[PDB]
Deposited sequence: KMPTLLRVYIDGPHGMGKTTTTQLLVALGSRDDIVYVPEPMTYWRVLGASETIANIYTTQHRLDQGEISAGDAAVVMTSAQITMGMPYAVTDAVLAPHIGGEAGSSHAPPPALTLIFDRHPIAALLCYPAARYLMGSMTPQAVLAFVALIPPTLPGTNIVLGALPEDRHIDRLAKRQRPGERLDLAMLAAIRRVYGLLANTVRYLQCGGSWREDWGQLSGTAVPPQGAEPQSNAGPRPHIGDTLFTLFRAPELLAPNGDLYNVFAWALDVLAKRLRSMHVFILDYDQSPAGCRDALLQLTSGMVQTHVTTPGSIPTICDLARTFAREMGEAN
């Protein structure tokens, strides 16, 4: 059976993910590598109208006190459902084609973001910004689809100053430095969480250490430097100080989903061609998988091209 290499480029927006991905894709033949782009058309028109603008405007109004936290939360929750829909459906239809982890792959699929971006990372950042409740975040977490074998996720590293500059120049988006800090923090925590879990970390065991980044490498992070630290919110705690079991189970799910992922860190603090080559080098250590059928490869290509054509900018 031919092999497949799936690579999800994720991390805070504004670092150069899209450019780097396009450049990498431009290196290979036409049908040896395919790009599943940002589904902007879905967010702007198909799933809803100007979702990105609606999100930034809602956050803005909240920060201005023009709307309540509850009003912002319902809007953000609904908006994130729209945001993640394309990722979710793609994963659901791709799942049957993915076999065990496996040598040139017959096909490389590069994704612009993974489902956890819309089901975990941004919701978590909105939570830190006061525009989403922690319960809604955990509901999203409980909905994260089972992690498929060979889930290679590439996160990005970039100095905040450089990130801010790059963002202060380059939809309906607004320049929110607080959101940038929050999303940068969430993705940093995410990387540590994966490393924490792969180093044998048990959140239930270390929860008490919770009172007052890189993966595939380094020592085991302290739980306080992982995503688990975000869910110590009073809303999730029972009178006795412990997490309600329903939320604790959502954390068990978070652990299960993240522990099997293969996370890599890409340094975006360089030229476009530089990032491309760095990413190319990174793919050398990524995990490939066998496909379930002989026709899976062509089917996957069609799926990717169909997705790109319909929801890509």
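- No C-alpha positions are given in the record for the deposited-sequence stretches 1, 104 to 108, 177 to 178, 221 to 229, 331 to 332.
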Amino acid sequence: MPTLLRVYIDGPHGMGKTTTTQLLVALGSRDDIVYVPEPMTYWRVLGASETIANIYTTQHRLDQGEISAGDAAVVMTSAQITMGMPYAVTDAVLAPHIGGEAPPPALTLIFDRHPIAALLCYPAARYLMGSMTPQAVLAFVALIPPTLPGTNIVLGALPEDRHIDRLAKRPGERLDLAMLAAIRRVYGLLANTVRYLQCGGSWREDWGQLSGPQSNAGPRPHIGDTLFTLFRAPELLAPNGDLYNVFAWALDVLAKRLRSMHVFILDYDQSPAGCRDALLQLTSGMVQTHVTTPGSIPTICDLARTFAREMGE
From here on, numbers count along this sequence of modelled residues.
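Under this definition, the rigid core comprises the largest set of C-alpha atoms superposing within 1.5 Å between the forms.
- Of 161 to 169 and 225 to 233, the stretch whose C-alpha atoms sit farther from the shown form in 8 other deposited structures of this protein, after fitting on the rigid core, is 161 to 169.
- Among the other PDB entries of this protein that were compared and that flank it with modelled residues, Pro213 is left unmodelled in a third or more.
- As the entry records it, the average C-alpha temperature factor is higher for 157 to 165, out of 132 to 140 and 157 to 165.
- Taking only CA atoms, the mean B-factor in the PDB entry is higher for 231 to 239 than for the other of 113 to 121 and 231 to 239.
- The PDB entry assigns the greatest CA B-factor among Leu107, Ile223, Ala79, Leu190 to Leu107.
- Of the candidates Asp267, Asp63, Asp252, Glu38, the one whose C-alpha carries the top B factor in the deposited record is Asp63.
- In the deposited entry, the Cα temperature factor of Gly99 sits in the top third of values across the chain's modelled residues.
- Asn152 sits in the lowest third of its chain by CA B factor, as recorded in the PDB entry.
- Among the modelled residues of its chain, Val7 has a C-alpha B-factor that falls in the lowest third according to the deposited record.
- Among all modelled residues in its chain, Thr283 ranks in the highest third by Cα B-factor.
- In the PDB entry, a CA B factor belonging to the lowest third of its chain's modelled residues is recorded for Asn245.
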